[PDB]
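K.L.:
Below you will find the structure I want to go over with you.
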There are 2 protein chains.
Amino acid sequence: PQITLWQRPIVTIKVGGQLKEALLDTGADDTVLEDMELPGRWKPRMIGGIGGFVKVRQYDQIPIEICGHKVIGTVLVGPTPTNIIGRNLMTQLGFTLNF
Amino acid sequence: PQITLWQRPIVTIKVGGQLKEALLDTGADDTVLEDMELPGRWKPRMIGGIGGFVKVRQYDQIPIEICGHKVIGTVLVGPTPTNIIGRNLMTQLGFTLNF
Ligand SMILES: CC(C)c1nc(CN(C)C(=O)N[C@H](C(=O)N[C@@H](Cc2ccccc2)C[C@H](O)[C@H](Cc2ccccc2)NC(=O)OCc2cncs2)C(C)C)cs1
């Protein structure tokens, strides 16, 4: 299917057993979710964006369902204002930009 | 054209006579450029990002060529690591996300 950009491209995801809404974001290298618990080891990281930087925890090999399809990759967790699905997971679903 | 997302979706733009690089960003409502000179008056705007909020200058009705296509719209100028083409201008080109 085709997703329009007249509105924010927000989709439902399932991660860590929880259902959430998240923004499909071609301008994000990585996926960043509002603070939550995830299984396994993690390492601290600083990620930068428009307002400056925030400290997050990086969990690797985390499974996520997006649009029902199951993908796996790195997920950063911390005080982000909204959940963001980055290119690292978008590629796994075969997403492209077209015009 | 079709753009995959294994690397950052960077395109060439032309604004105020100058060629620049910019990131195609579906997760951005608006277009934000690094400090530069633009004609006309500006008005104040606060935009929010991952790191919080920042003051930018809002210039309305600015012509930009993106991939040689002319768009005319609002451009925000302020502190940013990268020029960002947001949904306001991506919609003028007819960009969609597809999988
Ligand atoms: C130039 C160099 C430093 C670059 N690094 C990168 C890799 N990096 C750091 C990222 O992708 N970082 C992501 C990001 O913020 N990307 C950004 C572009 C950018 C990149 C680097 C530095 C500054 C801005 C752009 C992202 O789409 C974010 C997503 C978002 C949306 C709402 C709330 C929080 C976040 N969009 C926004 O910040 O919107 C700003 C707004 C515009 N108009 C109204 S609000 C994080 C979410 C992970 C790309 S270019």
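Each chain of the structure tokens is named A, B, ... in the order shown, its residues numbered from 1; ligands are numbered from 1 in display order.
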Using all C-alpha atoms paired in order, least-squares fit chain A onto chain B and give me the moved copy as a compact mmCIF listing (two decimals) with N, CA and C atoms, in the first residue's frame.
P.N.:
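selection29.txt, freshly written:
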```txt
# COMPACT_ATOMS: atom_id res chain seq x y z
N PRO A 1 10.69 7.97 -9.80
CA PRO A 1 11.66 7.01 -9.26
C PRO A 1 11.39 6.63 -7.82
N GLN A 2 12.19 5.68 -7.34
CA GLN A 2 12.01 5.08 -6.04
C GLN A 2 13.25 5.36 -5.22
N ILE A 3 13.08 5.87 -4.00
CA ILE A 3 14.24 6.09 -3.15
C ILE A 3 14.22 5.08 -2.01
N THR A 4 15.32 4.35 -1.89
CA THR A 4 15.56 3.32 -0.90
C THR A 4 15.78 3.93 0.48
N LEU A 5 15.50 3.19 1.56
CA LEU A 5 15.77 3.71 2.91
C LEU A 5 16.93 3.00 3.62
N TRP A 6 17.73 2.24 2.87
CA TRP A 6 18.92 1.62 3.44
C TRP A 6 19.94 2.68 3.87
N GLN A 7 19.93 3.84 3.21
CA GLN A 7 20.73 4.98 3.65
C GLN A 7 19.83 6.18 3.85
N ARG A 8 20.36 7.22 4.50
CA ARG A 8 19.61 8.48 4.64
C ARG A 8 19.24 9.01 3.26
N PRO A 9 17.94 9.34 3.05
CA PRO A 9 17.49 9.83 1.74
C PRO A 9 17.82 11.30 1.54
N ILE A 10 19.04 11.56 1.10
CA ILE A 10 19.52 12.93 0.99
C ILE A 10 19.48 13.35 -0.46
N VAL A 11 18.99 14.57 -0.71
CA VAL A 11 18.86 15.09 -2.08
C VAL A 11 19.45 16.48 -2.21
N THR A 12 19.71 16.92 -3.44
CA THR A 12 20.19 18.29 -3.67
C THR A 12 19.03 19.26 -3.84
N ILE A 13 19.11 20.40 -3.19
CA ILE A 13 18.09 21.41 -3.34
C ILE A 13 18.75 22.71 -3.78
N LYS A 14 17.96 23.60 -4.36
CA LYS A 14 18.42 24.96 -4.64
C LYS A 14 17.46 25.92 -3.96
N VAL A 15 18.00 26.75 -3.07
CA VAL A 15 17.22 27.72 -2.29
C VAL A 15 18.03 28.99 -2.05
N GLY A 16 17.38 30.14 -2.22
CA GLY A 16 18.04 31.43 -2.05
C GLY A 16 19.29 31.54 -2.91
N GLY A 17 19.24 30.93 -4.09
CA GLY A 17 20.36 30.97 -5.01
C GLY A 17 21.48 29.99 -4.68
N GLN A 18 21.35 29.28 -3.56
CA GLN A 18 22.44 28.42 -3.08
C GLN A 18 22.09 26.94 -3.23
N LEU A 19 23.07 26.12 -3.59
CA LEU A 19 22.87 24.67 -3.69
C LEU A 19 23.21 24.02 -2.36
N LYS A 20 22.37 23.11 -1.89
CA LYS A 20 22.57 22.50 -0.58
C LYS A 20 22.15 21.04 -0.63
N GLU A 21 22.54 20.27 0.38
CA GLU A 21 22.06 18.91 0.54
C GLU A 21 21.06 18.91 1.68
N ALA A 22 20.01 18.10 1.55
CA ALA A 22 18.97 18.06 2.57
C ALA A 22 18.32 16.68 2.64
N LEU A 23 17.83 16.36 3.83
CA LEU A 23 17.28 15.05 4.14
C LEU A 23 15.77 15.01 3.91
N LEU A 24 15.29 14.06 3.10
CA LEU A 24 13.86 13.93 2.90
C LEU A 24 13.25 13.30 4.14
N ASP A 25 12.38 14.05 4.82
CA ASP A 25 11.96 13.67 6.17
C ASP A 25 10.45 13.63 6.39
N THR A 26 9.87 12.43 6.28
CA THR A 26 8.43 12.26 6.49
C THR A 26 8.00 12.53 7.93
N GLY A 27 8.95 12.53 8.86
CA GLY A 27 8.66 12.84 10.25
C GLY A 27 8.74 14.32 10.61
N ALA A 28 8.91 15.18 9.61
CA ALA A 28 8.95 16.62 9.85
C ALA A 28 7.74 17.30 9.21
N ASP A 29 6.94 18.02 9.99
CA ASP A 29 5.84 18.77 9.40
C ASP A 29 6.37 19.82 8.44
N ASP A 30 7.45 20.48 8.84
CA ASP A 30 7.96 21.63 8.11
C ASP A 30 9.41 21.47 7.67
N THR A 31 9.83 22.34 6.77
CA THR A 31 11.17 22.32 6.20
C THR A 31 12.08 23.24 7.03
N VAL A 32 13.26 22.76 7.42
CA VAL A 32 14.14 23.53 8.31
C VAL A 32 15.52 23.53 7.72
N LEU A 33 16.06 24.72 7.47
CA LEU A 33 17.38 24.83 6.85
C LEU A 33 18.39 25.49 7.80
N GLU A 34 19.66 25.11 7.68
CA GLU A 34 20.75 25.73 8.45
C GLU A 34 20.73 27.24 8.21
N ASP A 35 21.14 28.03 9.21
CA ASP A 35 20.96 29.49 9.16
C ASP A 35 21.52 30.11 7.87
N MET A 36 20.74 31.00 7.27
CA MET A 36 21.08 31.62 5.99
C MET A 36 20.21 32.86 5.81
N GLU A 37 20.54 33.68 4.82
CA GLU A 37 19.72 34.84 4.51
C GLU A 37 18.66 34.44 3.47
N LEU A 38 17.44 34.92 3.65
CA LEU A 38 16.40 34.71 2.65
C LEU A 38 15.65 36.02 2.48
N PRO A 39 15.11 36.27 1.28
CA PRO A 39 14.44 37.55 1.02
C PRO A 39 13.09 37.63 1.72
N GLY A 40 12.69 38.83 2.10
CA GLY A 40 11.32 39.05 2.54
C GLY A 40 11.15 39.12 4.04
N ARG A 41 9.90 39.10 4.48
CA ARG A 41 9.59 39.21 5.90
C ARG A 41 9.68 37.83 6.56
N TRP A 42 9.86 37.83 7.87
CA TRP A 42 9.91 36.59 8.62
C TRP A 42 9.35 36.81 10.01
N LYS A 43 8.96 35.73 10.68
CA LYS A 43 8.55 35.85 12.07
C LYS A 43 9.25 34.79 12.90
N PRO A 44 9.54 35.10 14.17
CA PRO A 44 10.21 34.15 15.06
C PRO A 44 9.27 33.02 15.49
N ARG A 45 9.86 31.87 15.74
CA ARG A 45 9.12 30.67 16.05
C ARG A 45 10.05 29.75 16.83
N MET A 46 9.47 28.88 17.66
CA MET A 46 10.22 27.83 18.36
C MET A 46 9.76 26.51 17.77
N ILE A 47 10.69 25.65 17.36
CA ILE A 47 10.30 24.34 16.82
C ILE A 47 10.92 23.24 17.64
N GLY A 48 10.16 22.18 17.87
CA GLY A 48 10.60 21.16 18.80
C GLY A 48 10.94 19.88 18.07
N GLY A 49 11.81 19.11 18.69
CA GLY A 49 12.22 17.83 18.15
C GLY A 49 12.87 17.06 19.27
N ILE A 50 13.63 16.04 18.89
CA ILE A 50 14.22 15.13 19.86
C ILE A 50 15.09 15.83 20.89
N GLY A 51 15.93 16.77 20.49
CA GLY A 51 16.75 17.34 21.57
C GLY A 51 16.10 18.43 22.44
N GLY A 52 14.85 18.77 22.17
CA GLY A 52 14.28 19.98 22.74
C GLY A 52 13.91 20.95 21.63
N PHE A 53 13.96 22.25 21.92
CA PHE A 53 13.47 23.27 20.98
C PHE A 53 14.59 24.19 20.51
N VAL A 54 14.47 24.72 19.30
CA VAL A 54 15.38 25.76 18.82
C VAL A 54 14.60 26.92 18.23
N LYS A 55 15.16 28.12 18.32
CA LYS A 55 14.52 29.29 17.73
C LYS A 55 14.89 29.44 16.25
N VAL A 56 13.87 29.66 15.43
CA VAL A 56 14.07 29.76 13.98
C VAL A 56 13.32 30.97 13.45
N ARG A 57 13.66 31.36 12.22
CA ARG A 57 12.90 32.38 11.52
C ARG A 57 12.06 31.72 10.43
N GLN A 58 10.77 32.04 10.41
CA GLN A 58 9.85 31.48 9.41
C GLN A 58 9.66 32.42 8.23
N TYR A 59 10.09 31.98 7.05
CA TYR A 59 9.87 32.73 5.81
C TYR A 59 8.79 32.00 5.02
N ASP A 60 7.81 32.74 4.53
CA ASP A 60 6.74 32.13 3.75
C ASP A 60 6.94 32.33 2.26
N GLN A 61 6.31 31.48 1.46
CA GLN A 61 6.34 31.59 0.01
C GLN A 61 7.75 31.67 -0.55
N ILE A 62 8.61 30.76 -0.11
CA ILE A 62 9.97 30.71 -0.60
C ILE A 62 10.03 29.63 -1.66
N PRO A 63 10.59 29.96 -2.84
CA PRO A 63 10.73 28.96 -3.90
C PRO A 63 11.95 28.05 -3.69
N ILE A 64 11.78 26.75 -3.90
CA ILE A 64 12.88 25.80 -3.75
C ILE A 64 12.83 24.78 -4.88
N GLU A 65 13.99 24.48 -5.45
CA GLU A 65 14.10 23.39 -6.40
C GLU A 65 14.58 22.14 -5.69
N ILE A 66 13.82 21.06 -5.83
CA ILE A 66 14.18 19.77 -5.27
C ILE A 66 14.09 18.76 -6.39
N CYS A 67 15.14 17.97 -6.58
CA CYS A 67 15.18 17.01 -7.68
C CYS A 67 14.87 17.74 -8.98
N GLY A 68 15.41 18.95 -9.12
CA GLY A 68 15.14 19.79 -10.28
C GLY A 68 13.76 20.43 -10.35
N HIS A 69 12.78 19.84 -9.66
CA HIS A 69 11.40 20.36 -9.69
C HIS A 69 11.21 21.55 -8.75
N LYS A 70 10.56 22.60 -9.24
CA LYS A 70 10.39 23.82 -8.47
C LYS A 70 9.09 23.77 -7.65
N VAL A 71 9.21 23.92 -6.33
CA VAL A 71 8.04 23.97 -5.45
C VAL A 71 8.10 25.23 -4.62
N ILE A 72 7.04 25.55 -3.89
CA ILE A 72 7.05 26.74 -3.05
C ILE A 72 6.40 26.43 -1.71
N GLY A 73 6.90 27.04 -0.64
CA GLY A 73 6.28 26.86 0.66
C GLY A 73 7.04 27.58 1.76
N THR A 74 6.68 27.25 2.99
CA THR A 74 7.30 27.86 4.15
C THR A 74 8.62 27.17 4.45
N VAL A 75 9.63 27.97 4.82
CA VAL A 75 10.94 27.44 5.16
C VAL A 75 11.33 28.05 6.49
N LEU A 76 11.70 27.22 7.45
CA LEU A 76 12.18 27.70 8.74
C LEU A 76 13.70 27.70 8.69
N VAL A 77 14.32 28.74 9.24
CA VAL A 77 15.77 28.87 9.17
C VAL A 77 16.37 29.06 10.56
N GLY A 78 17.39 28.28 10.89
CA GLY A 78 18.01 28.41 12.20
C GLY A 78 19.11 27.39 12.44
N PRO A 79 19.54 27.24 13.70
CA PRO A 79 20.67 26.36 14.06
C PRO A 79 20.28 24.89 14.11
N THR A 80 19.80 24.37 12.99
CA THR A 80 19.59 22.93 12.87
C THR A 80 20.89 22.24 12.48
N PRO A 81 21.11 21.03 13.01
CA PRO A 81 22.32 20.28 12.65
C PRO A 81 22.34 19.83 11.18
N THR A 82 21.18 19.64 10.55
CA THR A 82 21.16 19.29 9.12
C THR A 82 19.92 19.87 8.43
N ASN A 83 20.02 20.09 7.13
CA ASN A 83 18.89 20.60 6.36
C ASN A 83 17.84 19.50 6.23
N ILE A 84 16.57 19.85 6.44
CA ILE A 84 15.48 18.87 6.45
C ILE A 84 14.39 19.37 5.53
N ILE A 85 13.98 18.54 4.59
CA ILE A 85 12.84 18.85 3.74
C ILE A 85 11.64 18.15 4.37
N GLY A 86 10.66 18.93 4.83
CA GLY A 86 9.50 18.37 5.50
C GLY A 86 8.33 18.03 4.59
N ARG A 87 7.25 17.51 5.18
CA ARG A 87 6.09 17.11 4.39
C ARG A 87 5.51 18.28 3.60
N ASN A 88 5.67 19.50 4.10
CA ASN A 88 5.06 20.65 3.42
C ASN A 88 5.59 20.86 2.01
N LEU A 89 6.84 20.49 1.76
CA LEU A 89 7.34 20.53 0.39
C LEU A 89 7.26 19.18 -0.29
N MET A 90 7.38 18.08 0.48
CA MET A 90 7.34 16.76 -0.15
C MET A 90 6.01 16.52 -0.87
N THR A 91 4.91 16.99 -0.30
CA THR A 91 3.60 16.81 -0.92
C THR A 91 3.56 17.47 -2.29
N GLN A 92 4.29 18.58 -2.44
CA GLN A 92 4.22 19.34 -3.69
C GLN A 92 4.86 18.59 -4.85
N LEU A 93 5.74 17.63 -4.54
CA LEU A 93 6.40 16.81 -5.55
C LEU A 93 5.69 15.48 -5.76
N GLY A 94 4.64 15.26 -4.98
CA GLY A 94 3.87 14.04 -5.11
C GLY A 94 4.53 12.86 -4.45
N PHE A 95 5.38 13.12 -3.46
CA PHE A 95 6.03 12.02 -2.76
C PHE A 95 5.06 11.17 -1.96
N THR A 96 5.20 9.85 -2.05
CA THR A 96 4.48 8.95 -1.14
C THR A 96 5.42 7.91 -0.54
N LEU A 97 5.03 7.36 0.60
CA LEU A 97 5.68 6.18 1.15
C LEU A 97 4.94 4.96 0.65
N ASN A 98 5.68 3.92 0.26
CA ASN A 98 5.07 2.71 -0.26
C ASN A 98 5.73 1.48 0.32
N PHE A 99 4.94 0.43 0.51
CA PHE A 99 5.48 -0.86 0.89
C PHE A 99 4.56 -1.98 0.41
```
K.L.:
Residues of chain A classed as helix (DSSP H, G or I) by DSSP on the backbone are to be reported as a ChimeraX atom specification.
P.N.:
/A:87-93
K.L.:
Write out the residues from the selection above, keeping N, CA, C and O atoms, as a compact mmCIF listing (two decimals), in the first residue's frame.
P.N.:
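Once written, result.txt looks like this:
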```txt
# COMPACT_ATOMS: atom_id res chain seq x y z
N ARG A 87 14.89 4.43 9.85
CA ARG A 87 15.21 3.68 8.63
C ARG A 87 15.65 2.25 8.95
O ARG A 87 15.45 1.34 8.14
N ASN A 88 16.25 2.04 10.12
CA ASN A 88 16.76 0.70 10.43
C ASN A 88 15.68 -0.37 10.46
O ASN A 88 15.95 -1.53 10.13
N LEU A 89 14.46 0.00 10.83
CA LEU A 89 13.36 -0.96 10.73
C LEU A 89 12.57 -0.78 9.45
O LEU A 89 12.01 -1.75 8.93
N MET A 90 12.49 0.45 8.92
CA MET A 90 11.71 0.66 7.71
C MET A 90 12.24 -0.17 6.53
O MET A 90 11.46 -0.71 5.74
N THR A 91 13.57 -0.30 6.43
CA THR A 91 14.17 -1.08 5.35
C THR A 91 13.71 -2.52 5.41
O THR A 91 13.57 -3.18 4.37
N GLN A 92 13.48 -3.03 6.63
CA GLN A 92 13.14 -4.45 6.78
C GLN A 92 11.76 -4.77 6.22
O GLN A 92 11.46 -5.93 5.93
N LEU A 93 10.91 -3.74 6.10
CA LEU A 93 9.56 -3.91 5.54
C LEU A 93 9.51 -3.56 4.06
O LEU A 93 8.47 -3.69 3.41
```
